[PDB]
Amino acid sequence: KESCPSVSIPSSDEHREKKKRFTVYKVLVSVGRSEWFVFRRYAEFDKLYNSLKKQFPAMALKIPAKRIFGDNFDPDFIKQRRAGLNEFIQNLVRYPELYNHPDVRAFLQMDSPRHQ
């Protein structure tokens, strides 16, 4: 019997570089007896969403807004975006045709040699 993946996004962190800031979400991915972390920015969730929404139109996949008229580093905005991204990924891993999908497996690092 294979284990169905379970995922959650418990936190995010702000990183900074020359005149640049970004938010990295910490995704906890668990497959049966083992678990690991994957670090992903919002754009990476959006790229997955845009691919899968075209491939599975009947699912009505939903991701939080991409554009915010206001401060995209407001902690309230980040906490809601994290909850929305968590809803998006948790919904995906409910379906084997999606968690066996190559783009989903790569996004969650499900076939990594470092997770052996």
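Don't overthink the numbering: it's just position in the shown sequence, from 1.
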Notebook entry, point to check: Between 72-80 and 26-34, which has the higher average C-alpha B-factor in the PDB entry?
Noted result: 72-80
Notebook entry, point to check: Between 14-22 and 104-112, which has the larger average Cα B-factor in the PDB entry?
Noted result: 14-22
Note to self: Per the entry's Cα B factor values, which of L85, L52, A58, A65 stands out as the maximum?
What the structure shows: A58
Check: Should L92 be placed in the lowest, middle or highest third of its chain by the C-alpha B factor in the entry?
Finding: highest
Check: Going by what the PDB entry lists, where does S8 fall on CA B-factor within its chain: lowest, middle or highest third?
Finding: lowest
